[PDB]
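Structure first, commentary second.
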Amino acid sequence: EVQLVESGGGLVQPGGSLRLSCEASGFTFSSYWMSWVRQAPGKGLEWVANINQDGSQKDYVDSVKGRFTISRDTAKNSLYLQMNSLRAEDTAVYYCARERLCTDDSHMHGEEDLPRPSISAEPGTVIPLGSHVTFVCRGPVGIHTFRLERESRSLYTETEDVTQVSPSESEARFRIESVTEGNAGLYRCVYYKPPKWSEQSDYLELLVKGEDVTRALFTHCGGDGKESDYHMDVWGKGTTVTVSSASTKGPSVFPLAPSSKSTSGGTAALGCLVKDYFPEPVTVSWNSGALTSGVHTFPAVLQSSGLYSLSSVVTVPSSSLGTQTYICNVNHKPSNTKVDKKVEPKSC
Amino acid sequence: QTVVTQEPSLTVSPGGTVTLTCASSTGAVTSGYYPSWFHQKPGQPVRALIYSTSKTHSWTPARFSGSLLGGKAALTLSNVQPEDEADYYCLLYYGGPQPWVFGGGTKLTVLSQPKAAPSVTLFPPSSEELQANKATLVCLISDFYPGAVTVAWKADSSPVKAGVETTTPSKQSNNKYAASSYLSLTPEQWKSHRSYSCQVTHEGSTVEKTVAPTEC
């Protein structure tokens, strides 16, 4: 039931403050780093804040520095983001995420038989372009099939050509005669000694010459391969933080007059522009709803002003353009504003 | 200031194979940055898929798997099924303060309808709105598939970016998408130039409409 629930989001005028809360469940909160990641509407993910297990150390993206602080309470079993001096761009949905650290350590898994296999590269893990490299895969004596996998399963090489090398061990060799940049990447050995398969090898990194590799040893994640697996295991569903200098406001309606850019075939596009209102919804009908076919009202826009705008368009024949009347019925119930306006061919 | 770049939109046939890149502005993406990959679907939380460039989870099928490719981390889909239509984000670990930089994202669309080029309709400012000391050009985009469009606005033939405001694509009843773009001008800028144009680019297919001040 590992879970994170965010709350405390809401609607604030710029310069105000909020505190987001994120209650953890189904795991030991005390033990992992925790981060806040925001997503502004219609855009991607931005990391906001990072906090330690005990609250010792923490940092913030530069945008929110000095305005946002991050904290946690293991007794209350939850994560807090205090958001002071809110700006407009701070509007987003805020998510709570469980960071993972060097869980890629010397021993993170444990398995009894069958004994997991070992992988080797000769002459090394760094190879010149166009040269030879061989993967040596070692496992128990009496292996039936030995497979060298690449990053994706289905990219792999199985073999029955296994050699017993020691009284206890047999190996298989997979050679690459001339290295391609498509050869570089992650490899891992597995074996089928019947009845069922093996645990998988460790990962191995192959690189073309141009780099320097000191692959890894007992010091797990130590330096160049800093503590990572930062795979943000668990994500909440966030809360909406809305920052707006905007009040209730009826819209102003303008006629989008059928222009010479009438769509070809005796069908023009009448339109009705619903400009600068707040908040949604706005409902649009034509001729008291007597016209349905051809009508397309659009998604509204959120303008830098903080006000919404909208457009309602109906395709309609031109012999019709001559004769009868075409009227917008625009209804903004948040301001109890109702506007009727006849769209017309322009005099010109 | 560090920037991580991935393709804005990509399209696949049911059963196909796609690869999504993730480019560090530092110039190169090694395994020491330990890339990670996530998808986000409507209504449900960001799920996590790949870590340390290739490491998989319980919920991720072997259809999904990533690698490093051409200085950029990559995610390779296989036997792409319609359930996979989502947005996909990558993650890089620059150790130190501010250690996390996300990628822009990739809206992956799985084709269930044939590609529809967009219908663009462009309106001049109204005679009423101009008298109110304001000017708004209205560019309306409907009935396209996939829901990935790029909009740019043109003064006479030069480009203009200020006062542009564009919606995000939104599915219609027909399961095709629709979007709007509003260029905001002063009446002076409007009457100033020969014409103003709206370019709707949709799958390498650019459609440019025009309206003129010298109208009526």
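Neighbour counts run over all protein chains shown; Cβ positions are idealised from the backbone, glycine included. Bear in mind these aren't lab numbers, they're just calculated from the coordinates by the rules spelled out.
Kindly indicate the residue of region B:159-170 that is at the interface with chain A (Cβ under 10 Å from one of its Cβ atoms) and not β-branched (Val, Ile, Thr) and also surrounded by the most Cβ atoms within 10 Å (Cβ to Cβ) among those meeting that condition. Selected residue: B:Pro169.
Filtering region B:128-158 to residues that are within 10 Å of chain A (Cβ to nearest Cβ) and touching a residue at least 12 places away in the same chain (Cβ under 8 Å) leaves B:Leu130, B:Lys134, B:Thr136, B:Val138, B:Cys139, B:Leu140, B:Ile141, B:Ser142, B:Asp143. When you look at B:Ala116, is it of a type in the set (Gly, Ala, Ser), without any contact (Cβ under 8 Å) to a residue 40 or more places away in the chain and either more than 30 Å from B:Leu92 (Cα to Cα) or within 10 Å of another protein chain (Cβ to nearest Cβ) (or both), yes or no? No, not satisfied. The condition of being more than 14 Å from chain B (Cβ to nearest Cβ), over 13 Å from A:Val190 (Cα atoms) and in contact with a strand residue (DSSP E or B) (Cβ under 7 Å, 6 or more places away or on another chain) holds for A:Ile127. Listed by position, the strands (runs of 3 or more DSSP E) contained in region A:9-103 that have at least 3 residues being crowded, with 19+ Cβ neighbours inside 10 Å are A:17-25, A:34-39, A:45-51, A:68-73, A:78-84, A:92-98.
Go over the candidates A:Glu160, A:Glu122, A:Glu151 one by one and state the one that is in contact with a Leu (Cβ under 7 Å, 6 or more places away or on another chain) and among the acidic types (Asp, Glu).
On the way: A:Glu160 fails: in contact with a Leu (Cβ under 7 Å, 6 or more places away or on another chain); A:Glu122 fails: in contact with a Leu (Cβ under 7 Å, 6 or more places away or on another chain).
The match here is A:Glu151.
Taking region A:269-335 as the region of interest, the strands (runs of 3 or more DSSP E) fully inside it that hold 1 or more residues being within 11 Å of chain B (Cβ to nearest Cβ) and among the polar types (S, T, N, Q) are A:295-297, A:308-317.
Taking region A:52-106 as the range and being under 27 Å from B:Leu49 (Cα atoms), free of Cβ contacts under 8 Å to residues at least 24 places away in the same chain, within 14 Å of chain B (Cβ to nearest Cβ) and of a type outside the set (A, V, I, L, M) as the test, the residues that pass are A:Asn52, A:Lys58, A:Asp59, A:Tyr60.
Go through A:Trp36, A:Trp47 for me and flag whichever is closer than 30 Å to B:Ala148 by Cβ, free of Cβ contacts under 8 Å to residues at least 40 places away in the same chain, touching a strand residue (DSSP E or B) at 6+ places or on another chain (Cβ under 8 Å) and aromatic (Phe, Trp, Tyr).
Details: A:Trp36 fails: free of Cβ contacts under 8 Å to residues at least 40 places away in the same chain.
So the residue among A:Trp36, A:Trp47 that is closer than 30 Å to B:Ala148 by Cβ, free of Cβ contacts under 8 Å to residues at least 40 places away in the same chain, touching a strand residue (DSSP E or B) at 6+ places or on another chain (Cβ under 8 Å) and aromatic (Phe, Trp, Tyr) is A:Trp47.
In summary, A:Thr28 fulfils each of the numbered conditions (1) touching a residue at least 12 places away in the same chain (Cβ under 8 Å); (2) over 28 Å from B:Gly105 (Cα atoms) with the single exception of condition (1).
Yes or no, residue by residue, for (1) under 25 Å from A:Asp233 (Cβ atoms); (2) facing chain A (nearest Cβ under 9 Å):
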| residue | (1), (2) |
| --- | --- |
| B:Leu20 | yes, no |
| B:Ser36 | yes, yes |
| B:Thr53 | yes, yes |
| B:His57 | yes, yes |
| B:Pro82 | no, no |
| B:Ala86 | yes, no |
| B:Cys90 | yes, no |
| B:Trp100 | yes, yes |
| B:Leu108 | yes, no |
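Answer with yes or no whether A:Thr263 is loosely packed, with under 15 Cβ neighbours inside 10 Å and touching a residue at least 40 places away in the same chain (Cβ under 8 Å). Lay out the reasoning, then the answer.
Details: loosely packed, with under 15 Cβ neighbours inside 10 Å: yes; touching a residue at least 40 places away in the same chain (Cβ under 8 Å): yes.
Against the criterion (loosely packed, with under 15 Cβ neighbours inside 10 Å and touching a residue at least 40 places away in the same chain (Cβ under 8 Å)), A:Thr263 qualifies.
When region B:87-124 is filtered for residues that are surrounded by fewer than 22 Cβ atoms within 10 Å (Cβ to Cβ), small (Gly, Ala, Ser) and on the phi < 0 side of the Ramachandran plot, the ones remaining, listed by number, are B:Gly95, B:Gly104, B:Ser112, B:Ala116, B:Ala117, B:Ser119.
Considering the conditions (1) buried (at least 23 other Cβ atoms within 10 Å of the Cβ); (2) in contact with a helix residue (DSSP H, G or I) (Cβ under 8 Å, 6 or more places away or on another chain); (3) of a type outside the set (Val, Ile, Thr), B:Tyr33 is excluded by exactly one of them, (2).
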